[PDB]
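Colleague: return atomic coordinates for the entry below.
(7 chains)
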Amino acid sequence: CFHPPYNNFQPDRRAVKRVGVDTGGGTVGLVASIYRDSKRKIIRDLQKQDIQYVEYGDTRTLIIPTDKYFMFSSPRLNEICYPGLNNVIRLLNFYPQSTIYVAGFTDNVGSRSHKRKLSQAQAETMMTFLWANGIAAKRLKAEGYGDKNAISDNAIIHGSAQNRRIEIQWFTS
Amino acid sequence: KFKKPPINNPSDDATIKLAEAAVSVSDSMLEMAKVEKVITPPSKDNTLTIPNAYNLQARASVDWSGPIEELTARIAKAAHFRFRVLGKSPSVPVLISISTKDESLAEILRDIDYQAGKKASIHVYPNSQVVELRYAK
Amino acid sequence: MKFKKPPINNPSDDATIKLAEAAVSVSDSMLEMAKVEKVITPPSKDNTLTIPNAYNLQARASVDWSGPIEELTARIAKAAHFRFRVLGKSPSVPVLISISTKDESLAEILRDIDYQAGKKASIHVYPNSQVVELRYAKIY
Amino acid sequence: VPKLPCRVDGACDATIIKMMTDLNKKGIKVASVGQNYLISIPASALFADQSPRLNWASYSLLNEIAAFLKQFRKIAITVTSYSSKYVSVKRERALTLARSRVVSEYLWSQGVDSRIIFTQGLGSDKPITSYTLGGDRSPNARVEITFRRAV
Amino acid sequence: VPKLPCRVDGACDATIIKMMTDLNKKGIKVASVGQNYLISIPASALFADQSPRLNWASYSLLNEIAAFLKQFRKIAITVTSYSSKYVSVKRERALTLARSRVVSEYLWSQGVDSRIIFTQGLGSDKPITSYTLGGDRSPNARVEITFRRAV
Amino acid sequence: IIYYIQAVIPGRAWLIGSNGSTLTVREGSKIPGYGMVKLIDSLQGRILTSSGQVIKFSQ
Amino acid sequence: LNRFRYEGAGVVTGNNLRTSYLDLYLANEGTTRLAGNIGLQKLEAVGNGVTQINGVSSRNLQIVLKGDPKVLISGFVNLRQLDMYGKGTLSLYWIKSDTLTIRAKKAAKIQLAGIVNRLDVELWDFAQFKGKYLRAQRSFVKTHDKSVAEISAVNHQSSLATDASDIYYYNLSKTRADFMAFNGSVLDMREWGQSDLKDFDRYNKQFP
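Modeller: Residues are numbered from 1 along each chain as shown, chains lettered A, B, ... in the order given. Let me share the structure:
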């Protein structure tokens, strides 16, 4: 069984349902479970979803569309896209020691103070969710910027759309 | 099990940019108006308050347009209060109009004074049951 | 091994694109005008002093109105169980306010409608008497 | 005439009566008097025990209620919440207000054909029946929506 | 159609993704976010040991990387050279600078399209991996090319 | 010199000013530049001075 | 005047004693009265006793409990960490600390006030925490079944409740986020009739 709203913040028993449906074999159940729980499948399903994954050198980074995964123009958080967050937690469980940084980014239209406040609010909300996901608060640090550094121009519609985002960095040691 | 998304929501980049610009201009105009507006505290708000007299808590339905002194005299007579005037009558009189069904005498007089503005004032006396209409100079 | 940038959306419209392109510039102009107006004129007072809130008033509302103000305020007072009072006479020109918001205080609703009315109308509340009075300006 | 609207968009009295009858048979109280309509929902079928948390499955009922409401033309919709005495007066009033806020927010997010939405909660001040053996299971705790049909 | 160019000359997104995949499977790092492209190449596979000289076979790789770059419109391209702490700081900076100058010169000589080419080398001033055992074999010995595709 | 409250306990409190000088305020005590405190509040941050001034929390 | 340890139903009174650090170890009905400023860092009450201190101004202090004492302390203390596992009942008059880490297991009744830069609290069961009159910048609350905590966060609030847990926020934070698992509840219960209480804004209108 399972509950859509984050399963009340409890890691599910993904293996038991697989082994039950297989027995309804144990070996094929085990191999299917380990294959579909491999990190490669995690990243592939992230790419299938609206997730950007980057690994290079030793640091690893994640990019999330705030517009897609948030209620528009509000620190309110969307709920329909829960599997993305579930997979995020499943992947992040692999690194129980790395320090975490999370940052927010928005477009170039509006009051500068307004943009900064919205970025900070989004970062606060995201880091709060991460903390509630069982991570000790010592491992988290949040920040938000507006148009301080854009990987895409604002004069283009789609580029400006890409500009606003959520960034997650974490080292290895 | 069946959760719905918002229906009339900005699902497109053009839509979200439009709505964001709308929010921005709305806030800007709001604070512009806030700067523009002028307000006064009740301490210096020179308005006739409620005389809080029981005999003036009656009920009437009245419609009128025209001069003010005659109407005030009629109101005072209905209220069983003496009525007096202090000043002179300008050649061009002071005209007002009011129609109402349920508005007690005190607030009626308050409205009368407000519509009369600064050219005249009205004062009440419950010690000696009188009303005074004072002109302006 | 495929590649995908995050933001993938529904198809857009060129007309809406142009509308937003104009709108962002309009917003920029409004913002700079507000900045210069604020810096040149010092604000002094807030309408909280002339009308604060009280109990049986924190009830909440979300409205969308595009018409006159008198009936809207009357409905507000009817919801709030408070008396409604009018001062002065409405001018020949109707006074219209378009306001769209969502789930703020009734007191803040009154504050913003009074601000948006500005010169033409004024609002006052006496909680001891549980009355809300609106007055038209005496002009000309 | 063909260019003129033949009927209100998406209107069918048969569908209206069918859906309201379905609500009543499910157990949601629907009352029509004059042209003012009242709809009452038990708390135990909507929230968790004395909490401003929403049951996931209740979204189906919320959507059905919104669909039924869409069939009518109105001006203002009033939402009131009522509970049972649990801790104080303040806690109960806050809980009722929060429930009203969340349900109203979801309704407004949905394609509600409204102009004004009022929200308030009253805790456990106005009962409906002296029978109060149960707590959140007692019918007195409730959420009520009242509205007048336009024209 | 025969008069106005329907597409930019000699461009094919299928070819673009094909060559990107080929580079990635060769092992040279290629990535992009938004409309900014960054490519990293290990120093060992390009230069000889501790020397600012190009291995002969590397000319084919340079040719094909220039061919890939030809499938873009850009203005400014920046090249950086990073190495490992070997003897000093000045010598390593000079080595990186010479390497960057040589590669930039050959790229400009080839049919690339840019208005500004920036080149700089630093050495072992900022590593990107805690593992610091090897010298020229260490993955941090790298050359990086960055730019932004505009419109 | 302007002053703004920091924390409230029933009966007395702890206060700061523009110069960063801490102070302990009794229910009845003299406050420089404000006079003497006549009444404090715990559910509300208002505290009343002899001169009629009211002090609240700092923004 | 360096270390005092007493057990066995004894009454001690002192005032105007001055010290840098002293170690206090009280047990078995230590009726201890203090009317002076004492510099100390380590205090340990076994439990089931009354103890009051009037004025301590120390750079640091650490305290843990095992029994069920009733402790009331006045002064200024920069405390960092505290855990409770019995039936603790504590009141602290003032604290000026940057980091607070509080864990409560069985029964806690804690009344504190002061200025805090960062505070986190974990509650397991039957713990009431009256952190009202105590203002903080960063607040982290994690409550399991049957835990009541009232807080007064100012800037940044993160709260999680499992079930039958009450989180009562008595301030309007700039940013707030709350979560309930089974029956957790987060409630404002502000003045609700205040003359000049500010309401929600765009940055903070977070619907529960």
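Colleague: contacts only, for the residue in chain A that chain C sits nearest to.
Modeller: For chain A, the residue closest to chain C is residue A:65, as judged by C-beta to the nearest C-beta, at 4.2 Å. Where C-beta positions appear, they are placed from N, C-alpha and C, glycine not excepted. Taking C-beta atoms under 8 Å, 6 or more residues apart in numbering or on different chains, we find residue A:65 in contact with A:50, A:164, A:165, A:166, C:6, C:7.
Colleague: excluding its backbone neighbours, what's nearest residue 3?
Modeller: In the absence of a named chain, chain A is used. residue D:56 (7.0 Å; C-beta to C-beta, 6 or more residues apart in numbering or on different chains).
Colleague: my question was about chain F, not that one.
Modeller: Leaving aside its sequence neighbours, residue F:3 sits nearest to residue F:17 (C-beta to C-beta, 6+ apart; 4.3 Å).
Colleague: with residue B:5 instead?
Modeller: Residue B:5's closest residue in space is residue A:80 (C-beta to C-beta, 6+ apart), at 6.0 Å.
Colleague: grab the most central residue of chain D for me.
Modeller: Nearest to the geometric centre of chain D sits residue D:145, at 4.0 Å (C-alpha atoms, centre = their mean).
Colleague: repeat for chain A
Modeller: Taking C-alpha atoms, centre = their mean, chain A has its central residue at residue A:88, 4.8 Å away.
Colleague: buried sites along whatever helix or strand that residue lives in?
Modeller: Per DSSP states H and E: residue A:88 is located in helix A:82-92. For helix A:82-92, a neighbour-count test (16 or more other C-beta atoms under 10 Å in any protein chain shown) marks A:84, A:85, A:86, A:87, A:88, A:89, A:90, A:91, A:92 as buried.
Colleague: swap in stretch A:37-51?
Modeller: Applying 16+ other C-beta under 10 Å to stretch A:37-51 flags A:42, A:45, A:46, A:49, A:50, A:51 as buried.
Colleague: tell me which element the third one is part of?
Modeller: When secondary structure is defined using DSSP H and E, the element that contains residue A:46 is helix A:39-48.
Colleague: which residue, other than its chain neighbours, is closest to residue F:57?
Modeller: Nearest to residue F:57 is residue F:45, by C-beta to C-beta, 6+ apart, at 4.7 Å.
Colleague: what is the burial count for that neighbour?
Modeller: Residue F:45 has 17 neighbours, counted by other C-beta atoms under 10 Å in any protein chain shown.
Colleague: for the helix holding residue A:46, packing partners?
Modeller: strand A:52-55, helix A:82-92 (3 or more C-beta pairs under 8 Å, 6 or more residues apart in numbering or on different chains; DSSP states H and E).
Colleague: closest one to chain G among the ones you listed?
Modeller: Here helix A:82-92 is closest among these (C-beta to the nearest C-beta), at 12.5 Å.
Colleague: now do the closest one: everything it contacts.
Modeller: With C-beta under 8 Å, 6+ apart, helix A:82-92 has contacts from A:4-6, A:37, A:39, A:42-43, A:45-46, A:49-51, A:62, A:64, A:69, A:129, A:133, A:135.
Colleague: could you give the angle of that helix to helix A:39-48?
Modeller: 150 degrees (axes from the mean of the first three to the mean of the last three C-alpha atoms, to 10 degrees).
Colleague: next SSE after helix A:82-92?
Modeller: strand A:100-105.
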